[PDB]
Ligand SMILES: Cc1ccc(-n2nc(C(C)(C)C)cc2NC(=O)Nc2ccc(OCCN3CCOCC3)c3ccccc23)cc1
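Only one chain comes next, encoded as C-alpha cells, the form deposited without the named molecule.
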C-alpha cells in the first residue's frame, strides 16, 4: 500500500508563528504530490513534556484530524515520529475579528448572519458527540474565504486565574468551572454578538472581575446596532442563567437558517 502520512521532507519550516500550549508553532509550506504549495502552521510538542501532555497533544490532533467539517479548521497531517509535527492549514485572511474590523464599511448584515450560521453548524456537529469546545470567539475563528469561516482549536483549559476568557463565559463556567454543550451555547451567542458588532470585545467597558456581578443582576450585552432584532432575541435565550433553558445548537441552526433566508429575501426588496 502507498505511504499514508505526510513525509517530513514535504514540509519546510520558514519562521516562528508563536508559542502554543504544548510548544512552539512554526509557519511552513507543505508540498503535496501534485506539487502544489500549501501554507501550513506546524504545531510541536516539547520533547521534555510529561508523557501526559504528550498524550493530550496527540489527542487534540486526533480530534482535529477526524472532525473533517467545512466550518472547523483543517488538519493536513500528523508526523508522529519525534519531533512530532501537527500540520494545520494556514488561512491567509486570518482571524475573523480582525477581518470584520477592516471590512466593516463594506460588509452586509447577510454575511454576518451567514458566518454565525456556519459556526453554528460546526457546533451542532460537536454537540451531537457531546464534545465541548470552550473557545467560540472571533479571535478563534479563521477566514478561509469571504464565503467560509472555520472554528479554531479547542479551548486550552481541557488539557487541563489561567487568563480565562471571563467576558465570553457562562455563569456556571465562571462560578463552578462547569463546561457543557449548554455553556458552549452561551459562548456561541457571545461570538454572535462579536460578529454582529464587527469584532467588538464583549463587556469592553468592564474589568473581568465586574462581569459575574453584572450577569447576576440580569444585565446582558446590548443589541448591536445592525443586529436583526430576531437574532438579539436568540442571543438573549442563549444567555439564560439556567443552562437547561438555553436552546440546543440543533435548534439554533434551524433558527439561524430561517433568519438567513429571511434576510436574503428582505434584501431584494
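Residue numbers count along the first chain shown, from 1. In this text, rigid core is short for the largest set of C-alphas that superpose within 1.5 Å between two forms.
- Figure legend: residue 105 is marked as modelled in all of the other comparable entries of the protein, none of which omit it, let alone a third.
- Checked against the other entries of this protein, residue 163 counts as unresolved in at least one third of those spanning it.
- Unmodelled residues of the deposited sequence between neighbouring positions residue 160 and residue 161 number 4 to 9.
- As recorded in the PDB entry, 80-88 is the stretch of 80-88 and 120-128 with the greater mean C-alpha temperature factor.
- The question of which stretch, 172-180 or 136-144, has the higher mean Cα B factor is settled in favour of 172-180.
- Of all the options 54, 200, 65, 69, the entry's greatest CA B-factor is assigned to 54.
- Within the selection 223, 47, 220, 237, the deposited Cα B-factor values reach their highest point at 47.
- Split the chain's modelled residues into thirds by C-alpha temperature factor. Residue 13 is in the middle one.
- Ranked within its chain, residue 38 lands in the highest third, by CA B factor from the PDB record.
- Among the modelled residues of its chain, residue 205 has a C-alpha B-factor that falls in the middle third according to the deposited record.
- In the deposited entry, the Cα temperature factor of residue 215 places it in the middle third of its chain's modelled residues.
- Among the modelled residues of the chain, residue 30 sits in the highest third by CA temperature factor in this PDB entry.
What comes next is about the form solved in complex with the named molecule, which does not appear here.
- In the modelled overlay, the named molecule taken from its pose in the entry with it bound has three or more atoms closer than 2.4 Å to backbone or C-beta atoms of this form, which marks the pocket as blocked.
- Every member of the trio 17, 142 and 153 reaches the named molecule in the entry with it bound with some non-hydrogen atom inside 4.5 Å.
- Exactly one of the stretches 72-80, 191-199, 105-113, 170-178 approaches the named molecule in the entry with it bound with heavy atoms within 4.5 Å, and it is 72-80.
- This chain is drawn without the named molecule; in the entry with it bound, the residue among 235, 67, 215, 221 with a heavy atom within 4.5 Å of it is 67.
- Note on contacts: among 124, 166, 88, 117, the single residue with a heavy atom within 4.5 Å of the named molecule in the entry with it bound is 88.
- The closest heavy atom approach of residue 60 to the named molecule in the entry with it bound falls within 4.5 Å.
- With a 4.5 Å cutoff on heavy atoms, residue 211 does not count as touching the named molecule in the entry with it bound; it lies far away.
- Using a 4.5 angstroms threshold between heavy atoms, residue 227 stays clear of the named molecule in the entry with it bound.
- Contact check for residue 25: a non-hydrogen atom falls within 4.5 Å of the named molecule in the entry with it bound.
- Contact residues in stretch 39-54 (any heavy atom within 4.5 Å of the named molecule, taken in the entry with it bound) are 41, 43.
- Compared between the shown form and the other one on the core, the listed residues 201, 208, 53, 236 keep their C-alpha shifts below 2 Å, save 53.
- Core-aligned CA deviation for residue 250 between the shown form and the other one: less than 2 Å.
- Residue 80 shows a C-alpha shift of 2 Å or greater between the shown form and the other one [criterion: core-superposed Cα displacement of 2 Å].
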